[PDB]
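Engineer: Quick one, data_0.pdb (PDB, C-alpha atoms):
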ATOM      1  CA  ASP X   2      47.195  13.747 -12.119
ATOM      2  CA  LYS X   3      47.770  16.913 -14.161
ATOM      3  CA  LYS X   4      46.465  15.233 -17.330
ATOM      4  CA  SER X   5      43.256  14.032 -15.654
ATOM      5  CA  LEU X   6      42.778  17.410 -13.952
ATOM      6  CA  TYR X   7      43.190  19.384 -17.184
ATOM      7  CA  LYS X   8      40.908  17.043 -19.126
ATOM      8  CA  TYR X   9      38.233  17.433 -16.436
ATOM      9  CA  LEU X  10      38.434  21.227 -16.147
ATOM     10  CA  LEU X  11      38.694  21.981 -19.850
ATOM     11  CA  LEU X  12      35.947  19.607 -20.975
ATOM     12  CA  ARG X  13      33.721  21.137 -18.277
ATOM     13  CA  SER X  14      34.739  24.581 -19.615
ATOM     14  CA  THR X  15      33.978  23.898 -23.294
ATOM     15  CA  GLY X  16      30.468  22.471 -23.258
ATOM     16  CA  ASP X  17      30.184  19.516 -20.874
ATOM     17  CA  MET X  18      28.244  20.816 -17.872
ATOM     18  CA  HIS X  19      25.247  19.200 -16.174
ATOM     19  CA  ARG X  20      21.868  20.877 -15.899
ATOM     20  CA  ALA X  21      21.551  22.869 -12.675
ATOM     21  CA  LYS X  22      20.040  20.902  -9.770
ATOM     22  CA  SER X  23      18.926  22.606  -6.538
ATOM     23  CA  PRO X  24      21.005  21.419  -3.558
ATOM     24  CA  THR X  25      19.093  20.038  -0.613
ATOM     25  CA  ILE X  26      21.697  18.848   1.923
ATOM     26  CA  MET X  27      24.558  20.593   3.668
ATOM     27  CA  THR X  28      28.084  20.367   2.234
ATOM     28  CA  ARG X  29      31.302  20.384   4.261
ATOM     29  CA  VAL X  30      33.618  22.732   2.366
ATOM     30  CA  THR X  31      36.650  22.832   4.659
ATOM     31  CA  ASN X  32      37.540  21.539   8.108
ATOM     32  CA  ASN X  33      35.037  23.890   9.756
ATOM     33  CA  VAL X  34      33.172  25.788   7.012
ATOM     34  CA  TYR X  35      29.879  24.399   5.689
ATOM     35  CA  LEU X  36      27.551  25.507   2.886
ATOM     36  CA  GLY X  37      23.789  25.117   2.890
ATOM     37  CA  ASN X  38      20.286  26.366   2.101
ATOM     38  CA  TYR X  39      17.644  27.748   4.475
ATOM     39  CA  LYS X  40      16.417  24.357   5.656
ATOM     40  CA  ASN X  41      20.013  23.449   6.533
ATOM     41  CA  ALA X  42      20.162  26.596   8.674
ATOM     42  CA  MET X  43      16.919  25.639  10.428
ATOM     43  CA  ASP X  44      18.385  22.171  11.011
ATOM     44  CA  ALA X  45      21.777  23.443  12.227
ATOM     45  CA  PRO X  46      21.031  23.212  16.018
ATOM     46  CA  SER X  47      20.082  19.544  15.523
ATOM     47  CA  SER X  48      23.148  18.738  13.408
ATOM     48  CA  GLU X  49      25.836  16.459  14.786
ATOM     49  CA  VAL X  50      28.149  19.297  13.777
ATOM     50  CA  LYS X  51      28.670  21.433  16.879
ATOM     51  CA  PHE X  52      28.220  24.719  15.030
ATOM     52  CA  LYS X  53      29.438  27.777  16.898
ATOM     53  CA  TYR X  54      28.284  30.154  14.136
ATOM     54  CA  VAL X  55      25.753  30.437  11.367
ATOM     55  CA  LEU X  56      26.318  33.137   8.739
ATOM     56  CA  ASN X  57      22.840  34.182   7.600
ATOM     57  CA  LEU X  58      22.992  35.994   4.244
ATOM     58  CA  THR X  59      19.222  36.200   3.737
ATOM     59  CA  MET X  60      17.339  39.455   4.135
ATOM     60  CA  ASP X  61      15.546  38.204   7.258
ATOM     61  CA  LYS X  62      16.879  38.142  10.769
ATOM     62  CA  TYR X  63      15.849  34.881  12.408
ATOM     63  CA  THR X  64      16.642  33.272  15.735
ATOM     64  CA  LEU X  65      17.347  29.636  16.617
ATOM     65  CA  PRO X  66      15.555  29.890  19.951
ATOM     66  CA  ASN X  67      16.819  26.680  21.616
ATOM     67  CA  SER X  68      20.400  26.950  20.395
ATOM     68  CA  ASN X  69      23.716  28.398  21.618
ATOM     69  CA  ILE X  70      24.670  29.210  17.995
ATOM     70  CA  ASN X  71      25.887  32.739  17.272
ATOM     71  CA  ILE X  72      23.933  33.812  14.179
ATOM     72  CA  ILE X  73      25.813  36.508  12.254
ATOM     73  CA  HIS X  74      23.513  38.443   9.923
ATOM     74  CA  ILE X  75      24.853  40.037   6.733
ATOM     75  CA  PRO X  76      21.689  40.679   4.681
ATOM     76  CA  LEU X  77      22.273  40.351   0.927
ATOM     77  CA  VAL X  78      19.390  41.393  -1.289
ATOM     78  CA  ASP X  79      17.717  38.565  -3.249
ATOM     79  CA  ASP X  80      18.731  39.904  -6.678
ATOM     80  CA  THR X  81      20.841  38.628  -9.551
ATOM     81  CA  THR X  82      22.948  41.832  -9.285
ATOM     82  CA  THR X  83      23.733  42.154  -5.525
ATOM     83  CA  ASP X  84      27.010  43.895  -4.748
ATOM     84  CA  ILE X  85      28.657  40.999  -2.910
ATOM     85  CA  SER X  86      32.159  42.314  -3.569
ATOM     86  CA  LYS X  87      31.775  44.864  -0.717
ATOM     87  CA  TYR X  88      31.604  41.939   1.738
ATOM     88  CA  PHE X  89      34.276  39.560   0.374
ATOM     89  CA  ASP X  90      37.155  40.494   2.685
ATOM     90  CA  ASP X  91      34.947  40.729   5.790
ATOM     91  CA  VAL X  92      33.368  37.330   5.127
ATOM     92  CA  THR X  93      36.573  35.496   4.189
ATOM     93  CA  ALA X  94      38.408  36.876   7.223
ATOM     94  CA  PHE X  95      35.577  35.664   9.441
ATOM     95  CA  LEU X  96      35.542  32.207   7.826
ATOM     96  CA  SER X  97      39.330  31.987   8.078
ATOM     97  CA  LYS X  98      39.120  32.598  11.833
ATOM     98  CA  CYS X  99      36.472  29.884  12.227
ATOM     99  CA  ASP X 100      38.867  27.461  10.522
ATOM    100  CA  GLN X 101      41.784  28.659  12.681
ATOM    101  CA  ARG X 102      39.818  28.120  15.923
ATOM    102  CA  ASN X 103      38.009  24.927  14.875
ATOM    103  CA  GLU X 104      34.719  26.751  15.367
ATOM    104  CA  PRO X 105      32.314  25.203  12.847
ATOM    105  CA  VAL X 106      30.284  27.668  10.816
ATOM    106  CA  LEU X 107      27.421  27.182   8.360
ATOM    107  CA  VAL X 108      27.183  29.739   5.532
ATOM    108  CA  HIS X 109      23.720  29.858   4.047
ATOM    109  CA  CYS X 110      21.231  31.880   2.087
ATOM    110  CA  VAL X 111      17.817  30.790   0.775
ATOM    111  CA  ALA X 112      18.579  28.218  -1.946
ATOM    112  CA  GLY X 113      22.233  27.685  -0.962
ATOM    113  CA  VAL X 114      23.428  28.419  -4.504
ATOM    114  CA  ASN X 115      24.247  32.065  -5.210
ATOM    115  CA  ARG X 116      24.719  34.335  -2.172
ATOM    116  CA  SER X 117      26.142  31.628   0.083
ATOM    117  CA  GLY X 118      27.851  29.825  -2.808
ATOM    118  CA  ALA X 119      29.639  33.008  -3.849
ATOM    119  CA  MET X 120      30.953  33.645  -0.339
ATOM    120  CA  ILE X 121      32.220  30.055  -0.172
ATOM    121  CA  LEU X 122      33.866  30.487  -3.575
ATOM    122  CA  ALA X 123      35.505  33.715  -2.360
ATOM    123  CA  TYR X 124      36.741  31.985   0.789
ATOM    124  CA  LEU X 125      38.284  29.100  -1.135
ATOM    125  CA  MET X 126      39.920  31.511  -3.589
ATOM    126  CA  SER X 127      41.328  33.504  -0.689
ATOM    127  CA  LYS X 128      42.783  30.353   0.907
ATOM    128  CA  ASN X 129      44.658  29.418  -2.289
ATOM    129  CA  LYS X 130      48.158  30.606  -3.041
ATOM    130  CA  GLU X 131      49.748  27.531  -4.702
ATOM    131  CA  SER X 132      47.673  27.108  -7.870
ATOM    132  CA  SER X 133      47.233  29.762 -10.517
ATOM    133  CA  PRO X 134      44.007  31.717  -9.831
ATOM    134  CA  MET X 135      42.412  30.936 -13.226
ATOM    135  CA  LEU X 136      43.031  27.206 -12.856
ATOM    136  CA  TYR X 137      41.884  27.174  -9.232
ATOM    137  CA  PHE X 138      38.722  29.144 -10.028
ATOM    138  CA  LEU X 139      37.786  26.621 -12.726
ATOM    139  CA  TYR X 140      38.608  23.702 -10.443
ATOM    140  CA  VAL X 141      36.645  24.959  -7.421
ATOM    141  CA  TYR X 142      33.733  26.149  -9.535
ATOM    142  CA  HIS X 143      33.220  22.957 -11.500
ATOM    143  CA  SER X 144      33.963  20.533  -8.672
ATOM    144  CA  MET X 145      31.688  22.382  -6.211
ATOM    145  CA  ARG X 146      28.946  22.577  -8.852
ATOM    146  CA  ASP X 147      29.211  18.846  -9.566
ATOM    147  CA  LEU X 148      29.001  18.153  -5.808
ATOM    148  CA  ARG X 149      26.132  20.562  -4.997
ATOM    149  CA  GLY X 150      24.235  20.397  -8.298
ATOM    150  CA  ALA X 151      24.099  24.206  -8.578
ATOM    151  CA  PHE X 152      26.750  26.674  -7.443
ATOM    152  CA  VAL X 153      27.077  30.430  -8.124
ATOM    153  CA  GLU X 154      24.830  30.276 -11.175
ATOM    154  CA  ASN X 155      24.293  34.058 -11.212
ATOM    155  CA  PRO X 156      26.617  35.596 -13.846
ATOM    156  CA  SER X 157      26.996  38.847 -11.876
ATOM    157  CA  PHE X 158      28.327  36.917  -8.896
ATOM    158  CA  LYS X 159      30.780  34.970 -11.034
ATOM    159  CA  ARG X 160      31.895  38.245 -12.598
ATOM    160  CA  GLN X 161      32.481  39.824  -9.173
ATOM    161  CA  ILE X 162      34.470  36.767  -8.077
ATOM    162  CA  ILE X 163      36.556  36.886 -11.259
ATOM    163  CA  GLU X 164      37.265  40.594 -10.883
ATOM    164  CA  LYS X 165      38.320  40.187  -7.252
ATOM    165  CA  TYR X 166      40.266  36.901  -7.223
ATOM    166  CA  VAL X 167      41.327  35.920 -10.753
ATOM    167  CA  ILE X 168      42.711  39.085 -12.431
ATOM    168  CA  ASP X 169      45.951  39.129 -10.372
ATOM    169  CA  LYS X 170      48.662  36.473 -10.270
ATOM    170  CA  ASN X 171      48.794  34.454  -7.019
TER     171      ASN X 171
ATOM    172  CA  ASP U   2      42.197  44.294 -21.318
ATOM    173  CA  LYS U   3      43.053  41.476 -18.899
ATOM    174  CA  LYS U   4      39.845  42.060 -16.916
ATOM    175  CA  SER U   5      37.628  41.944 -20.018
ATOM    176  CA  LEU U   6      39.504  38.905 -21.353
ATOM    177  CA  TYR U   7      39.167  36.949 -18.101
ATOM    178  CA  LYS U   8      35.490  37.844 -17.725
ATOM    179  CA  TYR U   9      34.843  36.648 -21.288
ATOM    180  CA  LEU U  10      36.767  33.369 -21.019
ATOM    181  CA  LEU U  11      35.567  32.387 -17.563
ATOM    182  CA  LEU U  12      31.897  33.204 -18.123
ATOM    183  CA  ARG U  13      32.092  31.181 -21.356
ATOM    184  CA  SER U  14      33.738  28.383 -19.317
ATOM    185  CA  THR U  15      31.142  28.251 -16.521
ATOM    186  CA  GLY U  16      27.831  28.022 -18.349
ATOM    187  CA  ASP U  17      27.450  30.816 -20.908
ATOM    188  CA  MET U  18      27.908  29.156 -24.299
ATOM    189  CA  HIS U  19      25.687  29.506 -27.369
ATOM    190  CA  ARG U  20      23.925  26.581 -28.995
ATOM    191  CA  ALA U  21      26.039  25.024 -31.746
ATOM    192  CA  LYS U  22      25.378  26.465 -35.222
ATOM    193  CA  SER U  23      26.756  24.825 -38.385
ATOM    194  CA  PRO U  24      29.241  27.120 -40.165
ATOM    195  CA  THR U  25      28.541  27.867 -43.797
ATOM    196  CA  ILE U  26      31.223  30.340 -44.944
ATOM    197  CA  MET U  27      34.999  30.206 -44.944
ATOM    198  CA  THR U  28      36.960  31.763 -42.069
ATOM    199  CA  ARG U  29      40.399  33.363 -42.346
ATOM    200  CA  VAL U  30      42.317  32.042 -39.338
ATOM    201  CA  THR U  31      45.772  33.517 -39.927
ATOM    202  CA  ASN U  32      47.512  35.448 -42.685
ATOM    203  CA  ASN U  33      47.356  32.452 -45.032
ATOM    204  CA  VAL U  34      45.453  29.639 -43.278
ATOM    205  CA  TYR U  35      41.693  29.317 -43.808
ATOM    206  CA  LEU U  36      39.064  27.005 -42.308
ATOM    207  CA  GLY U  37      35.989  25.736 -44.108
ATOM    208  CA  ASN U  38      33.451  23.020 -44.907
ATOM    209  CA  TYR U  39      33.109  20.914 -48.065
ATOM    210  CA  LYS U  40      31.252  23.556 -50.056
ATOM    211  CA  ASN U  41      34.050  26.016 -49.254
ATOM    212  CA  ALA U  42      36.517  23.504 -50.707
ATOM    213  CA  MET U  43      34.415  23.164 -53.865
ATOM    214  CA  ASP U  44      34.327  26.967 -54.087
ATOM    215  CA  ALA U  45      38.064  27.425 -53.429
ATOM    216  CA  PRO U  46      39.155  27.740 -57.130
ATOM    217  CA  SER U  47      36.611  30.559 -57.551
ATOM    218  CA  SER U  48      37.649  32.362 -54.359
ATOM    219  CA  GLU U  49      39.388  35.716 -54.574
ATOM    220  CA  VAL U  50      41.928  34.055 -52.289
ATOM    221  CA  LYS U  51      44.695  32.718 -54.527
ATOM    222  CA  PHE U  52      44.900  29.372 -52.742
ATOM    223  CA  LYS U  53      48.028  27.369 -53.468
ATOM    224  CA  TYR U  54      46.873  24.432 -51.313
ATOM    225  CA  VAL U  55      43.747  22.775 -50.030
ATOM    226  CA  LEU U  56      44.121  20.303 -47.155
ATOM    227  CA  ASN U  57      41.352  17.742 -47.659
ATOM    228  CA  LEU U  58      40.685  15.805 -44.437
ATOM    229  CA  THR U  59      37.623  13.941 -45.726
ATOM    230  CA  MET U  60      37.755  10.261 -46.584
ATOM    231  CA  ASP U  61      37.284  10.962 -50.302
ATOM    232  CA  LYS U  62      39.925  11.989 -52.769
ATOM    233  CA  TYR U  63      38.489  14.651 -55.056
ATOM    234  CA  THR U  64      39.959  16.809 -57.788
ATOM    235  CA  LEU U  65      39.350  20.469 -58.645
ATOM    236  CA  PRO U  66      39.628  19.847 -62.377
ATOM    237  CA  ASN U  67      39.999  23.454 -63.612
ATOM    238  CA  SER U  68      42.315  24.615 -60.842
ATOM    239  CA  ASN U  69      46.071  24.884 -60.206
ATOM    240  CA  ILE U  70      45.470  24.158 -56.491
ATOM    241  CA  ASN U  71      47.593  21.440 -54.890
ATOM    242  CA  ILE U  72      45.103  19.288 -52.965
ATOM    243  CA  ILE U  73      46.820  17.465 -50.094
ATOM    244  CA  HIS U  74      44.789  14.479 -48.901
ATOM    245  CA  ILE U  75      45.024  13.267 -45.297
ATOM    246  CA  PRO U  76      41.899  11.098 -44.898
ATOM    247  CA  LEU U  77      40.460  11.219 -41.369
ATOM    248  CA  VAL U  78      37.647   8.794 -40.650
ATOM    249  CA  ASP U  79      34.223  10.385 -40.029
ATOM    250  CA  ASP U  80      33.985   9.234 -36.396
ATOM    251  CA  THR U  81      33.729  10.960 -33.036
ATOM    252  CA  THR U  82      36.861   9.028 -31.925
ATOM    253  CA  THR U  83      39.358   9.503 -34.823
ATOM    254  CA  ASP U  84      43.003   9.442 -33.781
ATOM    255  CA  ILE U  85      43.886  12.953 -34.953
ATOM    256  CA  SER U  86      46.852  13.208 -32.595
ATOM    257  CA  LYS U  87      48.981  11.081 -34.989
ATOM    258  CA  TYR U  88      48.734  13.905 -37.553
ATOM    259  CA  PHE U  89      49.141  17.031 -35.380
ATOM    260  CA  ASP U  90      52.845  17.695 -35.962
ATOM    261  CA  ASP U  91      52.687  16.885 -39.688
ATOM    262  CA  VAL U  92      49.694  19.174 -40.227
ATOM    263  CA  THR U  93      50.945  22.090 -38.118
ATOM    264  CA  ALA U  94      54.371  21.987 -39.769
ATOM    265  CA  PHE U  95      52.694  22.105 -43.172
ATOM    266  CA  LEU U  96      50.427  25.003 -42.162
ATOM    267  CA  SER U  97      53.378  26.859 -40.643
ATOM    268  CA  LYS U  98      55.228  26.646 -43.967
ATOM    269  CA  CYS U  99      52.196  27.981 -45.853
ATOM    270  CA  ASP U 100      52.211  30.989 -43.515
ATOM    271  CA  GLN U 101      55.987  31.417 -43.915
ATOM    272  CA  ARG U 102      55.746  31.419 -47.737
ATOM    273  CA  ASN U 103      52.485  33.382 -48.022
ATOM    274  CA  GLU U 104      50.955  30.388 -49.780
ATOM    275  CA  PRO U 105      47.256  30.454 -48.864
ATOM    276  CA  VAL U 106      45.801  27.143 -47.749
ATOM    277  CA  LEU U 107      42.234  26.069 -46.983
ATOM    278  CA  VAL U 108      41.833  23.356 -44.323
ATOM    279  CA  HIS U 109      38.515  21.591 -44.620
ATOM    280  CA  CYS U 110      36.549  18.488 -43.831
ATOM    281  CA  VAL U 111      32.828  17.846 -44.393
ATOM    282  CA  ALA U 112      31.043  20.169 -41.942
ATOM    283  CA  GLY U 113      34.098  22.330 -41.163
ATOM    284  CA  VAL U 114      33.686  21.787 -37.414
ATOM    285  CA  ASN U 115      35.560  18.794 -36.001
ATOM    286  CA  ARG U 116      38.317  17.308 -38.190
ATOM    287  CA  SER U 117      39.303  20.600 -39.812
ATOM    288  CA  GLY U 118      38.501  22.624 -36.682
ATOM    289  CA  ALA U 119      40.768  20.425 -34.577
ATOM    290  CA  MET U 120      43.694  20.817 -36.972
ATOM    291  CA  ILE U 121      43.206  24.596 -36.935
ATOM    292  CA  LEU U 122      43.079  24.533 -33.132
ATOM    293  CA  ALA U 123      46.301  22.485 -33.070
ATOM    294  CA  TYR U 124      47.980  24.922 -35.453
ATOM    295  CA  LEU U 125      47.034  27.952 -33.372
ATOM    296  CA  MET U 126      48.193  26.219 -30.183
ATOM    297  CA  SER U 127      51.491  25.369 -31.847
ATOM    298  CA  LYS U 128      52.003  28.998 -32.926
ATOM    299  CA  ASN U 129      51.560  30.280 -29.353
ATOM    300  CA  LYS U 130      54.427  30.638 -26.928
ATOM    301  CA  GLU U 131      53.560  33.888 -25.078
ATOM    302  CA  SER U 132      50.296  33.016 -23.312
ATOM    303  CA  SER U 133      49.866  30.150 -20.895
ATOM    304  CA  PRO U 134      48.533  27.088 -22.778
ATOM    305  CA  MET U 135      45.382  26.718 -20.630
ATOM    306  CA  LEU U 136      44.428  30.366 -21.088
ATOM    307  CA  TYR U 137      45.216  30.310 -24.807
ATOM    308  CA  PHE U 138      43.247  27.095 -25.358
ATOM    309  CA  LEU U 139      40.181  28.646 -23.712
ATOM    310  CA  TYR U 140      40.624  31.873 -25.663
ATOM    311  CA  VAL U 141      41.056  30.245 -29.088
ATOM    312  CA  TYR U 142      38.332  27.686 -28.455
ATOM    313  CA  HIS U 143      35.645  30.102 -27.331
ATOM    314  CA  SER U 144      36.495  32.912 -29.740
ATOM    315  CA  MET U 145      36.679  30.556 -32.751
ATOM    316  CA  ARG U 146      33.412  28.902 -31.688
ATOM    317  CA  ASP U 147      31.678  32.276 -31.360
ATOM    318  CA  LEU U 148      32.968  33.232 -34.834
ATOM    319  CA  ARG U 149      32.166  29.931 -36.611
ATOM    320  CA  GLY U 150      29.089  28.889 -34.616
ATOM    321  CA  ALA U 151      30.494  25.387 -34.003
ATOM    322  CA  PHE U 152      34.134  24.447 -33.485
ATOM    323  CA  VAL U 153      35.687  21.147 -32.310
ATOM    324  CA  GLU U 154      32.461  19.973 -30.697
ATOM    325  CA  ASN U 155      33.657  16.351 -30.487
ATOM    326  CA  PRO U 156      34.888  15.675 -26.919
ATOM    327  CA  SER U 157      37.498  13.151 -28.103
ATOM    328  CA  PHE U 158      39.085  15.789 -30.316
ATOM    329  CA  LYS U 159      39.147  18.347 -27.517
ATOM    330  CA  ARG U 160      40.690  15.716 -25.255
ATOM    331  CA  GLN U 161      43.419  14.942 -27.809
ATOM    332  CA  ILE U 162      44.151  18.660 -28.189
ATOM    333  CA  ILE U 163      44.332  19.090 -24.412
ATOM    334  CA  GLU U 164      46.651  16.118 -23.992
ATOM    335  CA  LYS U 165      48.983  17.347 -26.733
ATOM    336  CA  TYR U 166      49.087  21.131 -26.224
ATOM    337  CA  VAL U 167      47.840  22.067 -22.742
ATOM    338  CA  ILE U 168      49.491  19.638 -20.267
ATOM    339  CA  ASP U 169      52.974  21.227 -20.559
ATOM    340  CA  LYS U 170      53.973  24.783 -19.686
ATOM    341  CA  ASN U 171      54.722  27.016 -22.705
TER     342      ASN U 171
END
Show me, as structure tokens, the structure contained in the file I just sent.

Structural biologist:
Amino acid sequence: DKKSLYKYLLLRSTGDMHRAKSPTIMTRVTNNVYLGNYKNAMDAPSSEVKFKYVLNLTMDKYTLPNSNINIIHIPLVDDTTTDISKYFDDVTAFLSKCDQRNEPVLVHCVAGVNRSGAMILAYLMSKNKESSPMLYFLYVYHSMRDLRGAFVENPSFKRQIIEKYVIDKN
Amino acid sequence: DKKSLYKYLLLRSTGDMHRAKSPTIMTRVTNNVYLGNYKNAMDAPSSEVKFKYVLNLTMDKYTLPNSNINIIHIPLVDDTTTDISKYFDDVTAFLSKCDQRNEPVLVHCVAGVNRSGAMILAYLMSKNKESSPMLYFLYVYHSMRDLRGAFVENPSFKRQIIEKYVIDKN
């Protein structure tokens, strides 16, 4: 319902947010795209999800030595100010292909909140063309944060998302 | 700037709000409409503003015995759940006339935050037809709150505003 949706988003946007809680388990974001922390990445070969890809956004190249997973490494510095905007289109195009091929992919960083959360937020914004960008940003942000406990908490990352995906009509 | 505006509103809406601070001084909201607490109402006859009206939303009828001010009394119960929506159109039509006649009016309650703040928020929403209601609600709410320190903190009042002024396009 529009009335329930607007009440939810605007109360969340004017003072009613939960304290941030560190996510521990993997979240299915779309049909094939998943969001997680570093433990979730270590557990990916053992997951019932038949992951074809893991997108590793940490600084460290790792291997999953007994796994057929293709680990794509895009190192993002562990900083509250990382230039993630340079990677938005490359990452969302990759995630869109995974959804188009039904090739499950886990996007992760260390805590599964900021670097990986921001790329998931970018992907969802890029997949939207029905809802106004402002409304959709507030909906995705608050509903993902309620689900995960913490989601793109870094103000610089939110700012970069806003500047990329919310300034233009869509 | 659209980019600066969206950054401001959406960062305020996703976790970056100040602690609530009780307002002490009167705020000029429009050309003729002012917002204040109970002390501001007591001080209204002495104000350099030549108030023609005071809108008293407290439960108590008072007089300003050495003053030509017309005190309009609409008692609103001191409750977090008061049905303010019944009074929206009556109050905003009255405030709109004060602006049309250049007849200054002070809207006040006890703390100048919730009952009076909500009627000011309703009035500003009713005066808007250019900006989308969602965007304008977030702009007025956060900018008034930053100015006053506390502004429509009661969730029931925000909900009633949202249901009245934000659900429809405008």

Engineer: Quick one, how far is CA of residue 55 in chain X from CA of residue 78 in chain X?

Structural biologist: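 Computed distance, CA of residue 55 in chain X to CA of residue 78 in chain X, equals 17.9 Å.
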
Engineer: Would you kindly translate the ChimeraX specification (/U :<9) & /X into the concrete residues it picks from this file, as a PyMOL selection string?

Structural biologist: chain X and resi 3-4+7-8+11-18+135-136+138-139+142-143+154+156+159-160+163-164+167-168

Engineer: Limited to C-alpha atoms, could you put the picked residues into a file as a compact mmCIF listing (two decimals), keeping the file's coordinate frame?

Structural biologist:
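The file below, out-v1.txt, is the result:
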# COMPACT_ATOMS: atom_id res chain seq x y z
CA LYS X 3 47.77 16.91 -14.16
CA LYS X 4 46.46 15.23 -17.33
CA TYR X 7 43.19 19.38 -17.18
CA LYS X 8 40.91 17.04 -19.13
CA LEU X 11 38.69 21.98 -19.85
CA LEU X 12 35.95 19.61 -20.98
CA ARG X 13 33.72 21.14 -18.28
CA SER X 14 34.74 24.58 -19.61
CA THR X 15 33.98 23.90 -23.29
CA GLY X 16 30.47 22.47 -23.26
CA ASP X 17 30.18 19.52 -20.87
CA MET X 18 28.24 20.82 -17.87
CA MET X 135 42.41 30.94 -13.23
CA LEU X 136 43.03 27.21 -12.86
CA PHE X 138 38.72 29.14 -10.03
CA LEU X 139 37.79 26.62 -12.73
CA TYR X 142 33.73 26.15 -9.54
CA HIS X 143 33.22 22.96 -11.50
CA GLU X 154 24.83 30.28 -11.18
CA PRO X 156 26.62 35.60 -13.85
CA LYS X 159 30.78 34.97 -11.03
CA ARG X 160 31.90 38.24 -12.60
CA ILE X 163 36.56 36.89 -11.26
CA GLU X 164 37.26 40.59 -10.88
CA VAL X 167 41.33 35.92 -10.75
CA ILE X 168 42.71 39.08 -12.43

Engineer: Going by the chain IDs and residue numbers used in this file, which residues fall under the PyMOL selection byres ((chain X and resi 103-111) around 7)? Write them as a PyMOL selection string.

Structural biologist: chain X and resi 33-39+42+51-59+99-102+112-113+116-117

Engineer: Within 12 Å of residue 91 in chain X, counting all atoms listed in the file, which residues show up once you throw out same-chain ones fewer than 6 positions away? Write them as an MDAnalysis selection string, please.

Structural biologist: chainID X and resid 56 73 75 85 97:98 120 123:124 127

Engineer: Go ahead and write the selection's residues with C-alpha atoms as a PDB file, keeping the file's coordinate frame.

Structural biologist:
ATOM      1  CA  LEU X  56      26.318  33.137   8.739  1.00  0.00           C
ATOM      2  CA  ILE X  73      25.813  36.508  12.254  1.00  0.00           C
ATOM      3  CA  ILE X  75      24.853  40.037   6.733  1.00  0.00           C
ATOM      4  CA  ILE X  85      28.657  40.999  -2.910  1.00  0.00           C
ATOM      5  CA  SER X  97      39.330  31.987   8.078  1.00  0.00           C
ATOM      6  CA  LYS X  98      39.120  32.598  11.833  1.00  0.00           C
ATOM      7  CA  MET X 120      30.953  33.645  -0.339  1.00  0.00           C
ATOM      8  CA  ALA X 123      35.505  33.715  -2.360  1.00  0.00           C
ATOM      9  CA  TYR X 124      36.741  31.985   0.789  1.00  0.00           C
ATOM     10  CA  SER X 127      41.328  33.504  -0.689  1.00  0.00           C
TER      11      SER X 127
END

Engineer: Write out as a PyMOL selection string the residues lying within 10 Å of residue 44 in chain X, counting only C-alpha atoms and excluding same-chain residues fewer than 4 positions away.

Structural biologist: chain X and resi 27+39-40+48+65

Engineer: Considering all atoms listed in the file, can you say which of U:46, U:158, U:132, U:144 comes closest to residue 170 in chain U?

Structural biologist: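 With all atoms listed in the file as the atom set, the closest residue is U:132.
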
Engineer: Just the number, please: distance in Å from CA of residue 149 in chain U to CA of residue 50 in chain U, one decimal.

Structural biologist: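 Separation of CA of residue 149 in chain U and CA of residue 50 in chain U: 18.9 Å.
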
Engineer: Would you work out the distance separating CA of residue 133 in chain U from CA of residue 118 in chain U, expressed in Å to one decimal?

Structural biologist: 20.9 Å

Engineer: Output range 138-147 of chain X as a compact mmCIF listing (two decimals), in the frame of the given file, making sure N, CA and C atoms are there.

Structural biologist:
# COMPACT_ATOMS: atom_id res chain seq x y z
N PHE X 138 40.11 28.74 -9.86
CA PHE X 138 38.72 29.14 -10.03
C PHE X 138 37.94 28.09 -10.80
N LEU X 139 38.49 27.62 -11.92
CA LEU X 139 37.79 26.62 -12.73
C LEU X 139 37.64 25.32 -11.97
N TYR X 140 38.68 24.93 -11.22
CA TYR X 140 38.61 23.70 -10.44
C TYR X 140 37.55 23.79 -9.35
N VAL X 141 37.62 24.83 -8.51
CA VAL X 141 36.65 24.96 -7.42
C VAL X 141 35.24 25.07 -7.98
N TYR X 142 35.07 25.91 -9.01
CA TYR X 142 33.73 26.15 -9.54
C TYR X 142 33.12 24.85 -10.03
N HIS X 143 33.84 24.13 -10.89
CA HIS X 143 33.22 22.96 -11.50
C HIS X 143 33.10 21.81 -10.50
N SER X 144 34.08 21.64 -9.62
CA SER X 144 33.96 20.53 -8.67
C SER X 144 32.89 20.80 -7.62
N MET X 145 32.78 22.04 -7.12
CA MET X 145 31.69 22.38 -6.21
C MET X 145 30.33 22.25 -6.89
N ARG X 146 30.23 22.68 -8.16
CA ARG X 146 28.95 22.58 -8.85
C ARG X 146 28.55 21.12 -9.06
N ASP X 147 29.51 20.27 -9.42
CA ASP X 147 29.21 18.85 -9.57
C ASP X 147 28.75 18.24 -8.24
